[PDB]
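Chemist: So here's run34.cif (mmCIF, C-alpha atoms).
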data_input
#
loop_
_atom_site.group_PDB
_atom_site.id
_atom_site.type_symbol
_atom_site.label_atom_id
_atom_site.label_comp_id
_atom_site.auth_asym_id
_atom_site.auth_seq_id
_atom_site.Cartn_x
_atom_site.Cartn_y
_atom_site.Cartn_z
ATOM 1 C CA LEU A 1 34.381 5.808 24.628
ATOM 2 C CA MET A 2 31.310 7.938 24.060
ATOM 3 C CA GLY A 3 31.772 7.301 20.359
ATOM 4 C CA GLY A 4 33.109 9.038 17.288
ATOM 5 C CA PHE A 5 36.621 9.360 15.942
ATOM 6 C CA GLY A 6 39.740 9.912 17.999
ATOM 7 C CA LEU A 7 41.864 12.660 16.517
ATOM 8 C CA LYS A 8 45.324 13.715 17.625
ATOM 9 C CA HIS A 9 44.708 16.918 15.735
ATOM 10 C CA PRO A 10 40.940 17.326 15.929
ATOM 11 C CA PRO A 11 39.045 20.208 14.381
ATOM 12 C CA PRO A 12 40.384 23.321 16.081
ATOM 13 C CA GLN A 13 38.488 25.440 18.548
ATOM 14 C CA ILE A 14 36.854 28.548 17.107
ATOM 15 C CA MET A 15 36.872 31.322 19.695
ATOM 16 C CA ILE A 16 34.783 34.483 19.571
ATOM 17 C CA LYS A 17 34.060 37.425 21.853
ATOM 18 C CA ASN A 18 32.687 40.931 21.633
ATOM 19 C CA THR A 19 35.411 43.544 21.803
ATOM 20 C CA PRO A 20 34.929 45.768 24.872
ATOM 21 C CA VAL A 21 33.597 49.230 24.165
ATOM 22 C CA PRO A 22 34.252 51.596 27.086
ATOM 23 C CA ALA A 23 31.673 54.039 28.344
ATOM 24 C CA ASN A 24 32.657 57.680 28.738
ATOM 25 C CA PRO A 25 35.875 58.032 30.756
ATOM 26 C CA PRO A 26 36.228 60.602 33.522
ATOM 27 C CA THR A 27 37.676 63.901 32.407
ATOM 28 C CA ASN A 28 40.679 63.553 34.731
ATOM 29 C CA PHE A 29 43.163 60.732 34.336
ATOM 30 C CA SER A 30 42.672 57.657 36.501
ATOM 31 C CA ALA A 31 44.936 54.625 36.281
ATOM 32 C CA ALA A 32 42.232 52.260 37.520
ATOM 33 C CA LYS A 33 40.955 49.770 34.975
ATOM 34 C CA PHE A 34 37.602 50.418 33.333
ATOM 35 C CA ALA A 35 34.652 48.671 34.919
ATOM 36 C CA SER A 36 32.249 50.717 32.774
ATOM 37 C CA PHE A 37 31.319 49.315 29.366
ATOM 38 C CA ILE A 38 28.669 49.824 26.718
ATOM 39 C CA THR A 39 26.291 46.872 26.870
ATOM 40 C CA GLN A 40 26.227 45.118 23.534
ATOM 41 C CA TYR A 41 25.903 41.733 21.878
ATOM 42 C CA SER A 42 26.502 40.363 18.411
ATOM 43 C CA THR A 43 24.616 38.094 16.042
ATOM 44 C CA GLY A 44 25.540 36.591 12.722
ATOM 45 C CA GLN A 45 25.537 33.541 10.507
ATOM 46 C CA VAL A 46 27.713 30.432 10.755
ATOM 47 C CA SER A 47 28.310 27.882 7.994
ATOM 48 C CA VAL A 48 29.960 24.499 8.458
ATOM 49 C CA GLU A 49 30.733 22.174 5.547
ATOM 50 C CA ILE A 50 32.149 18.691 6.145
ATOM 51 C CA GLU A 51 33.108 16.222 3.432
ATOM 52 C CA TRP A 52 32.515 12.606 4.420
ATOM 53 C CA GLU A 53 33.949 9.500 2.778
ATOM 54 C CA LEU A 54 31.661 6.512 2.328
ATOM 55 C CA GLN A 55 32.299 2.771 2.296
ATOM 56 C CA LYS A 56 29.733 0.995 0.168
ATOM 57 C CA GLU A 57 28.019 -2.269 1.082
ATOM 58 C CA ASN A 58 29.346 -5.214 -0.946
ATOM 59 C CA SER A 59 27.239 -7.973 0.660
ATOM 60 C CA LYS A 60 26.195 -11.160 -1.169
ATOM 61 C CA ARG A 61 23.460 -12.243 1.246
ATOM 62 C CA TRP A 62 20.333 -13.435 -0.511
ATOM 63 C CA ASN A 63 17.672 -12.353 1.953
ATOM 64 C CA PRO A 64 16.766 -8.720 2.655
ATOM 65 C CA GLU A 65 18.412 -6.677 5.375
ATOM 66 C CA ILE A 66 17.112 -4.622 8.259
ATOM 67 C CA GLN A 67 16.734 -0.966 7.327
ATOM 68 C CA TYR A 68 15.903 2.111 9.353
ATOM 69 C CA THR A 69 12.328 2.952 8.445
ATOM 70 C CA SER A 70 9.516 5.262 9.422
ATOM 71 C CA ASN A 71 6.258 3.741 10.599
ATOM 72 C CA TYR A 72 3.371 4.002 8.177
ATOM 73 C CA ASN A 73 0.658 4.040 10.846
ATOM 74 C CA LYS A 74 -1.086 7.360 11.329
ATOM 75 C CA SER A 75 -0.060 9.668 14.141
ATOM 76 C CA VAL A 76 -0.730 13.133 15.499
ATOM 77 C CA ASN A 77 2.835 14.286 14.825
ATOM 78 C CA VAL A 78 5.298 13.238 12.165
ATOM 79 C CA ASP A 79 8.572 12.029 13.646
ATOM 80 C CA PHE A 80 11.598 14.306 13.249
ATOM 81 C CA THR A 81 9.376 17.311 12.614
ATOM 82 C CA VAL A 82 8.014 20.426 14.282
ATOM 83 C CA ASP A 83 4.792 20.353 16.288
ATOM 84 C CA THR A 84 1.909 22.824 16.233
ATOM 85 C CA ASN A 85 3.951 25.156 18.451
ATOM 86 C CA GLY A 86 7.026 25.129 16.227
ATOM 87 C CA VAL A 87 9.168 22.872 18.416
ATOM 88 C CA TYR A 88 11.487 20.435 16.663
ATOM 89 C CA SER A 89 11.929 17.094 18.407
ATOM 90 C CA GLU A 90 13.763 13.824 17.832
ATOM 91 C CA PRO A 91 11.704 10.786 18.879
ATOM 92 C CA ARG A 92 14.465 8.185 19.120
ATOM 93 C CA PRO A 93 18.258 7.817 19.133
ATOM 94 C CA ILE A 94 18.940 6.502 15.618
ATOM 95 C CA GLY A 95 22.145 4.476 15.460
ATOM 96 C CA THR A 96 24.295 3.685 12.462
ATOM 97 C CA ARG A 97 24.364 -0.155 12.525
ATOM 98 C CA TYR A 98 21.806 -1.908 10.302
ATOM 99 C CA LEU A 99 23.555 -3.546 7.354
ATOM 100 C CA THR A 100 25.331 -6.785 8.186
ATOM 101 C CA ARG A 101 28.769 -8.217 7.470
ATOM 102 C CA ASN A 102 30.478 -11.521 8.228
ATOM 103 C CA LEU A 103 33.273 -11.791 10.767
ATOM 104 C CA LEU B 1 -2.711 -3.840 -16.603
ATOM 105 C CA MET B 2 -1.031 -6.597 -14.638
ATOM 106 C CA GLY B 3 2.026 -4.375 -14.472
ATOM 107 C CA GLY B 4 5.394 -3.989 -16.128
ATOM 108 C CA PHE B 5 6.409 -2.270 -19.334
ATOM 109 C CA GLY B 6 4.466 -2.292 -22.571
ATOM 110 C CA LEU B 7 6.727 -3.063 -25.496
ATOM 111 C CA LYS B 8 5.817 -2.967 -29.166
ATOM 112 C CA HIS B 9 8.899 -5.059 -29.753
ATOM 113 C CA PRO B 10 9.251 -7.007 -26.516
ATOM 114 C CA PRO B 11 12.015 -9.499 -25.839
ATOM 115 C CA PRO B 12 11.609 -12.190 -28.479
ATOM 116 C CA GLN B 13 10.415 -15.702 -27.841
ATOM 117 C CA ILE B 14 13.147 -18.315 -27.503
ATOM 118 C CA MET B 15 11.925 -21.631 -28.881
ATOM 119 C CA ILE B 16 13.527 -25.012 -28.269
ATOM 120 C CA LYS B 17 12.723 -28.643 -29.016
ATOM 121 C CA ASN B 18 14.484 -31.975 -29.185
ATOM 122 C CA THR B 19 15.132 -33.067 -32.745
ATOM 123 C CA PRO B 20 13.297 -36.334 -33.487
ATOM 124 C CA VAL B 21 15.477 -39.415 -33.632
ATOM 125 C CA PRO B 22 13.726 -42.274 -35.451
ATOM 126 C CA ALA B 23 13.827 -45.834 -34.219
ATOM 127 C CA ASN B 24 14.858 -48.567 -36.638
ATOM 128 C CA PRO B 25 12.860 -48.369 -39.881
ATOM 129 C CA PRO B 26 11.361 -51.456 -41.497
ATOM 130 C CA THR B 27 13.579 -53.102 -44.065
ATOM 131 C CA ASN B 28 11.037 -52.546 -46.853
ATOM 132 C CA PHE B 29 10.008 -49.068 -47.919
ATOM 133 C CA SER B 30 6.836 -47.646 -46.403
ATOM 134 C CA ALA B 31 5.582 -44.157 -47.199
ATOM 135 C CA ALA B 32 3.752 -43.836 -43.883
ATOM 136 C CA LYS B 33 5.173 -41.283 -41.480
ATOM 137 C CA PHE B 34 7.250 -42.506 -38.557
ATOM 138 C CA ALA B 35 5.382 -42.931 -35.301
ATOM 139 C CA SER B 36 8.395 -44.703 -33.770
ATOM 140 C CA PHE B 37 11.008 -42.541 -32.054
ATOM 141 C CA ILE B 38 13.875 -42.952 -29.623
ATOM 142 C CA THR B 39 12.764 -41.573 -26.269
ATOM 143 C CA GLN B 40 15.085 -38.803 -25.201
ATOM 144 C CA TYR B 41 15.241 -35.493 -23.375
ATOM 145 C CA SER B 42 17.773 -32.712 -23.055
ATOM 146 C CA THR B 43 19.181 -30.658 -20.206
ATOM 147 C CA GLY B 44 21.496 -27.696 -20.138
ATOM 148 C CA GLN B 45 22.264 -24.300 -18.694
ATOM 149 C CA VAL B 46 20.564 -20.977 -19.418
ATOM 150 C CA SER B 47 21.974 -17.523 -18.675
ATOM 151 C CA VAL B 48 20.015 -14.278 -18.829
ATOM 152 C CA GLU B 49 21.637 -10.873 -18.323
ATOM 153 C CA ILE B 50 19.538 -7.698 -18.235
ATOM 154 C CA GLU B 51 20.904 -4.181 -17.858
ATOM 155 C CA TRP B 52 18.591 -1.875 -15.925
ATOM 156 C CA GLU B 53 18.678 1.916 -15.812
ATOM 157 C CA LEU B 54 18.090 3.607 -12.471
ATOM 158 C CA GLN B 55 16.533 6.934 -11.516
ATOM 159 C CA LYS B 56 17.988 8.209 -8.272
ATOM 160 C CA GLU B 57 15.994 9.801 -5.460
ATOM 161 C CA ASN B 58 16.507 13.576 -5.282
ATOM 162 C CA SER B 59 14.128 14.312 -2.379
ATOM 163 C CA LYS B 60 14.591 17.237 0.035
ATOM 164 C CA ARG B 61 12.219 16.017 2.750
ATOM 165 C CA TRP B 62 13.630 16.436 6.233
ATOM 166 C CA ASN B 63 12.090 13.458 7.990
ATOM 167 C CA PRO B 64 13.020 9.837 7.264
ATOM 168 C CA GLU B 65 11.223 7.726 4.693
ATOM 169 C CA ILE B 66 9.566 4.338 4.782
ATOM 170 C CA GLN B 67 11.940 1.582 3.708
ATOM 171 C CA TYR B 68 11.433 -2.097 3.028
ATOM 172 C CA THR B 69 12.944 -3.871 6.008
ATOM 173 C CA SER B 70 13.270 -7.301 7.530
ATOM 174 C CA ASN B 71 11.894 -7.869 11.008
ATOM 175 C CA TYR B 72 14.478 -8.267 13.735
ATOM 176 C CA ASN B 73 12.331 -10.496 15.951
ATOM 177 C CA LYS B 74 13.414 -14.115 16.132
ATOM 178 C CA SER B 75 11.700 -16.733 14.009
ATOM 179 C CA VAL B 76 11.944 -20.390 13.081
ATOM 180 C CA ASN B 77 12.683 -19.602 9.428
ATOM 181 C CA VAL B 78 14.434 -16.654 7.854
ATOM 182 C CA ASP B 79 12.281 -14.940 5.248
ATOM 183 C CA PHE B 80 13.278 -15.402 1.601
ATOM 184 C CA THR B 81 15.293 -18.500 2.444
ATOM 185 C CA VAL B 82 15.178 -22.281 2.259
ATOM 186 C CA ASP B 83 13.637 -24.356 5.040
ATOM 187 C CA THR B 84 14.972 -27.526 6.651
ATOM 188 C CA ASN B 85 13.712 -29.504 3.647
ATOM 189 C CA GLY B 86 15.424 -27.320 1.062
ATOM 190 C CA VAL B 87 12.311 -25.500 -0.152
ATOM 191 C CA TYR B 88 12.686 -21.848 -1.107
ATOM 192 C CA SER B 89 9.698 -19.656 -0.292
ATOM 193 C CA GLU B 90 8.712 -16.003 -0.569
ATOM 194 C CA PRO B 91 6.722 -14.790 2.455
ATOM 195 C CA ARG B 92 5.176 -11.641 0.991
ATOM 196 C CA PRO B 93 4.650 -9.801 -2.304
ATOM 197 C CA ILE B 94 7.241 -7.010 -2.077
ATOM 198 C CA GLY B 95 6.250 -3.985 -4.145
ATOM 199 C CA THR B 96 8.444 -1.236 -5.511
ATOM 200 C CA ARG B 97 6.814 1.901 -4.007
ATOM 201 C CA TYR B 98 8.366 3.200 -0.771
ATOM 202 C CA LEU B 99 10.208 6.455 -1.431
ATOM 203 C CA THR B 100 7.961 9.483 -1.790
ATOM 204 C CA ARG B 101 7.697 12.346 -4.264
ATOM 205 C CA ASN B 102 5.497 15.428 -4.529
ATOM 206 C CA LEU B 103 2.813 15.749 -7.178
#
Using structure tokens, write down the structure that the file contains.

Modeler:
Amino acid sequence: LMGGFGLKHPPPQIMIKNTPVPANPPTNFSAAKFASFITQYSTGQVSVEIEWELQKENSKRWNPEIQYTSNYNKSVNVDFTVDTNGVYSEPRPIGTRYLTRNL
Amino acid sequence: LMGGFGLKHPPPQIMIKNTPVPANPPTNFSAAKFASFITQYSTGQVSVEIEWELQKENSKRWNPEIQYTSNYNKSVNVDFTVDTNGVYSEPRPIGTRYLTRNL
């Protein structure tokens, strides 16, 4: 109901954690669990590749159709772009429904 | 300079006329040319088929591009359509330059 595709078997969850690295144990045995750990974090790179199937528009209508377009008028910032501070923003919620079809 | 493609050998001219059909000649020979003709015209159907080669847009720009679009606001007449009297009109001179490319 928010949108998208309902999948019985959706893309699986990818789970990740940093393996615990203990700090130095005491020199005499203690059966208590370790609360003492070496502070660490991890970084890396993640690639995702999806293949999408398209359904082309077959329409016979004579007149032109509504398209999603940028505005030609001048502006301080270009839409869908970084600003002077390096912040990427999205001006509007673009939807997918423009082309038309008969019932 | 008006636009289009310059061709040394453009599409040829297609020429058509109605063959003259004389009216009844006099019954005695006269060497004067005939000025007297059966009034007639011709109608028919004409098909033209052109094959056009396309050059696809390769652009890497992130932000969206200007498109040619219809206006969604309501109006008495749809653009590029007949009116109530059956007259087809073109509201504006659509040009071909929308997509962008670097120098």

Chemist: Please enumerate the residues selected by the PyMOL selection byres ((chain A) within 6 of (chain B)) when evaluated against the supplied file, formatted as an MDAnalysis selection string.

Modeler: chainID A and resid 63 65:67 69:70 80

Chemist: Need the shell around segment 33-39 of chain A: protein/DNA/RNA residues with any atom at most 10 Å away, counting only C-alpha atoms. Skip same-chain ones fewer than 3 positions apart. Format as a PyMOL selection string?

Modeler: chain A and resi 20-25+30

Chemist: Pull C-alpha atoms from the residues just selected and write them as a short mmCIF file (atom, residue, chain, number, x, y, z; two decimals), in the frame of the given file.

Modeler:
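Saved the output as selection-v3.cif:
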data_model
loop_
_atom_site.label_atom_id
_atom_site.label_comp_id
_atom_site.auth_asym_id
_atom_site.auth_seq_id
_atom_site.Cartn_x
_atom_site.Cartn_y
_atom_site.Cartn_z
CA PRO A 20 34.93 45.77 24.87
CA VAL A 21 33.60 49.23 24.16
CA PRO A 22 34.25 51.60 27.09
CA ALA A 23 31.67 54.04 28.34
CA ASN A 24 32.66 57.68 28.74
CA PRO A 25 35.88 58.03 30.76
CA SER A 30 42.67 57.66 36.50
#

Chemist: What is the atom CA of residue 88 of chain A-atom CA of residue 49 of chain A distance in Å, reported with one decimal?

Modeler: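 Calculated distance between atom CA of residue 88 of chain A and atom CA of residue 49 of chain A is 22.3 Å.
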
Chemist: Compile the contact shell of segment 9-17 of chain B as an MDAnalysis selection string: residues with an atom at most 12 Å away, counting all atoms listed in the file, same-chain residues fewer than 5 positions apart removed.

Modeler: chainID B and resid 4 40:44 46 48 50

Chemist: So the first atom is atom CA of residue 103 of chain A and the second is atom CA of residue 51 of chain A; what is the distance between them in Å, to one decimal place?

Modeler: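 Atom-to-atom, atom CA of residue 103 of chain A to atom CA of residue 51 of chain A, that is 29.0 Å.
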
Chemist: From the list B:28, B:76, B:98, B:92, which residue is nearest residue 57 of chain B when using all atoms listed in the file?

Modeler: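 Looking only at the distances to residue 57 of chain B, the closest residue turns out to be B:98.
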
Chemist: How many Å lie between atom CA of residue 94 of chain A and atom CA of residue 77 of chain A, rounded to one decimal?

Modeler: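 Pair atom CA of residue 94 of chain A / atom CA of residue 77 of chain A returns 17.9 Å.
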
Chemist: Would you mind telling me which residue in B:7, B:1, B:87, B:99 lies nearest to residue 60 of chain B when using only C-alpha atoms?

Modeler: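 Of B:7, B:1, B:87, B:99, the one nearest residue 60 of chain B, counting only C-alpha atoms, is B:99.
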
Chemist: If you take every atom of segment 5-8 of chain A that the file lists and fit an axis-aligned box around them with 5 Å extra on each side, what centre and edge lengths come out in Å to one decimal, as AutoDock Vina command-line options?

Modeler:
--center_x 41.0 --center_y 11.5 --center_z 17.0 --size_x 18.7 --size_y 14.4 --size_z 12.1
